[PDB]
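Input: a single structure, listed below in structure tokens.
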Amino acid sequence: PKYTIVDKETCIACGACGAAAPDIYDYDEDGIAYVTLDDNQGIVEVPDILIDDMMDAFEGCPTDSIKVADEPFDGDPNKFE
Ligand SMILES: *SCCNC(=O)CCNC(=O)[C@H](O)C(C)(C)COP(=O)(O)OP(=O)(O)OC[C@H]1O[C@@H](n2cnc3c(N)ncnc32)[C@H](O)[C@@H]1OP(=O)(O)O
Ligand code: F3S
């Protein structure tokens, strides 16, 4: 399975992610992206139908704040860094 999460400390509101995968990434009140599947905790498996969009957002983010992994992040966007 794939999991995704936004590192809110490195996100600078580039806005590429919400457009590429609106069913995965949205913006909080401060304009910072987060994953709507699981309240940005990187624990819900990304639906198969949304993998391509996820990849588009992952590749498009200028700050590499979107992370993609094969195991849950359990809330830590830098777990695999
Ligand atoms: S990043 C936010 C803080 N930065 C700024 O405000 C920077 C001013 N913008 C820039 O200098 C350029 O936008 C970036 C991309 C930061 C540096 O350019 P890149 O050469 O790395 O190039 P890309 O052009 O491929 O970025 C493409 C995409 O970025 C998304 N995008 C660009 N500009 C915007 C705005 N204004 N709003 C939303 N998205 C924007 C698009 O998703 C686009 O990429 P896709 O790969 O097609 O999804
Ligand atoms: S900088 Fe933030 S707004 Fe989305 S494209 Fe990258 S996570």
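Labels used: A, B, ... for chains in the order of the structure tokens, numbers from 1 for residues in each chain, and numbers from 1 for ligands as shown.
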- Check every protein, DNA and RNA residue against ligand 2, keep those with an atom at most 9 Å away (counting only C-alpha atoms and all ligand atoms), and present them as JSON, numbers by chain. {"A": [5, 6, 7, 8, 10, 11, 12, 13, 14, 15, 16, 17, 18, 19, 20, 25, 26, 27, 31, 32, 33, 34, 57, 58, 59, 60, 61, 62, 63, 64, 65, 66]}
- Which residues, written as number ranges by chain, have at least one atom at most 10 Å from residue A:73, with only C-alpha atoms counted and residues fewer than 6 positions away on the same chain left out? A: 3-5, 40-44, 67, 79-80
Output N, CA and C atoms for every residue in that selection, as a CSV table (one decimal), in the first residue's frame.
chain,number,residue,atom,x,y,z
A,3,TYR,N,1.2,5.3,1.3
A,3,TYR,CA,0.8,6.3,2.3
A,3,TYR,C,1.4,7.7,1.9
A,4,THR,N,0.7,8.7,2.2
A,4,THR,CA,1.2,10.1,1.9
A,4,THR,C,0.9,11.1,3.0
A,5,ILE,N,1.7,12.1,3.1
A,5,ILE,CA,1.6,13.1,4.2
A,5,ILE,C,2.3,14.4,3.7
A,40,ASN,N,-3.7,14.3,7.8
A,40,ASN,CA,-2.2,14.4,7.6
A,40,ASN,C,-1.4,13.6,8.5
A,41,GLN,N,-1.8,12.4,8.9
A,41,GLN,CA,-1.0,11.5,9.8
A,41,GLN,C,-0.3,10.3,9.0
A,42,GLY,N,-0.6,10.3,7.7
A,42,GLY,CA,0.1,9.3,6.9
A,42,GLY,C,-0.2,7.8,7.3
A,43,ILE,N,-1.4,7.5,7.5
A,43,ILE,CA,-1.8,6.2,8.0
A,43,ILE,C,-2.8,5.5,7.2
A,44,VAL,N,-3.6,6.2,6.4
A,44,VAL,CA,-4.6,5.5,5.6
A,44,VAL,C,-4.0,5.2,4.2
A,67,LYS,N,5.3,13.6,0.8
A,67,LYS,CA,6.1,12.4,1.0
A,67,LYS,C,5.2,11.2,0.6
A,79,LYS,N,9.7,10.5,8.9
A,79,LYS,CA,10.0,9.2,9.4
A,79,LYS,C,11.0,8.5,8.5
A,80,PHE,N,10.9,8.6,7.2
A,80,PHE,CA,11.8,8.0,6.2
A,80,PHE,C,12.9,8.9,5.7
- Nearest to residue A:2, chosen from A:50, A:71, A:21, A:81, with only C-alpha atoms counted in the distances: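 Checking each of A:50, A:71, A:21, A:81 against residue A:2, counting only C-alpha atoms, the winner is A:71.
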- Query: Which value, in Å to one decimal, gives the distance between atom CA of residue A:53 and atom 42 (O, counted along the ligand's line) of ligand 1?
  - Reply: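 Calculated distance between atom CA of residue A:53 and atom 42 (O, counted along the ligand's line) of ligand 1 is 11.5 Å.
Nearest to ligand 1 of all the residues A:56, A:70, A:48, A:38 is A:56, counting only C-alpha atoms and all ligand atoms.
For stretch 12-59 of chain A, the set of residues given strand (DSSP E) by DSSP on the backbone reads residues 25, 26, 27, 33, 34 and 35 of chain A.
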- Task: Extract the full set of alpha helix (DSSP H) residues from chain A according to DSSP on the backbone, and format it as a list in words.
- Result: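 Selection result, alpha helix (DSSP H) within chain A: residues 16, 17, 18, 19, 20, 51, 52, 53, 54, 55, 56, 57, 58, 59 and 60 of chain A.
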Only N, CA, C and O atoms, please: the residues just picked out, written as a short mmCIF file (atom, residue, chain, number, x, y, z; two decimals), in the first residue's frame.
data_model
loop_
_atom_site.label_atom_id
_atom_site.label_comp_id
_atom_site.auth_asym_id
_atom_site.auth_seq_id
_atom_site.Cartn_x
_atom_site.Cartn_y
_atom_site.Cartn_z
N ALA A 16 0.64 23.30 -5.82
CA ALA A 16 0.63 22.37 -6.94
C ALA A 16 -0.12 21.10 -6.56
O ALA A 16 -0.77 20.44 -7.40
N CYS A 17 -0.01 20.74 -5.29
CA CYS A 17 -0.61 19.50 -4.83
C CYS A 17 -2.12 19.41 -4.85
O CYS A 17 -2.67 18.36 -5.23
N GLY A 18 -2.80 20.47 -4.41
CA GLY A 18 -4.25 20.42 -4.38
C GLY A 18 -4.86 20.36 -5.77
O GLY A 18 -5.92 19.81 -6.00
N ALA A 19 -4.18 20.96 -6.73
CA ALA A 19 -4.67 20.96 -8.08
C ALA A 19 -4.45 19.58 -8.73
O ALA A 19 -5.31 19.11 -9.48
N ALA A 20 -3.30 18.95 -8.45
CA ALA A 20 -2.98 17.65 -9.05
C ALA A 20 -3.76 16.52 -8.41
O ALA A 20 -4.01 15.52 -9.07
N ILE A 51 -3.72 6.85 -6.83
CA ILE A 51 -2.26 6.74 -6.89
C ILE A 51 -1.62 7.64 -7.96
O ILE A 51 -0.62 8.29 -7.70
N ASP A 52 -2.17 7.66 -9.16
CA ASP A 52 -1.60 8.48 -10.22
C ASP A 52 -1.64 9.97 -9.82
O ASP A 52 -0.65 10.68 -10.03
N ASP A 53 -2.75 10.42 -9.27
CA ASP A 53 -2.84 11.83 -8.84
C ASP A 53 -1.83 12.08 -7.72
O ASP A 53 -1.16 13.15 -7.67
N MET A 54 -1.71 11.14 -6.78
CA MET A 54 -0.74 11.30 -5.71
C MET A 54 0.66 11.49 -6.26
O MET A 54 1.43 12.35 -5.81
N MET A 55 1.00 10.67 -7.25
CA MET A 55 2.31 10.77 -7.84
C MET A 55 2.53 12.10 -8.52
O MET A 55 3.60 12.68 -8.47
N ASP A 56 1.48 12.59 -9.17
CA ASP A 56 1.57 13.91 -9.82
C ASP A 56 1.86 14.97 -8.77
O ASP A 56 2.68 15.86 -9.01
N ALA A 57 1.17 14.92 -7.61
CA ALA A 57 1.39 15.92 -6.57
C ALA A 57 2.78 15.74 -5.97
O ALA A 57 3.50 16.71 -5.76
N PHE A 58 3.18 14.49 -5.75
CA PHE A 58 4.51 14.19 -5.20
C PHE A 58 5.60 14.73 -6.12
O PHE A 58 6.60 15.31 -5.66
N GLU A 59 5.42 14.56 -7.42
CA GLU A 59 6.46 15.05 -8.33
C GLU A 59 6.44 16.56 -8.50
O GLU A 59 7.48 17.18 -8.67
N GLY A 60 5.24 17.13 -8.47
CA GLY A 60 5.09 18.55 -8.69
C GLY A 60 5.48 19.48 -7.56
O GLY A 60 5.82 20.64 -7.80
#
- Item | Atomic distance atom 1 (S, counted along the ligand's line) of ligand 1 - atom CA of residue A:9, expressed in Å with one decimal | 13.5 Å
- Message: Using Å and a single decimal, report how far atom CA of residue A:1 sits from atom CA of residue A:49.
- Response: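 These atoms are spaced 12.3 Å apart.
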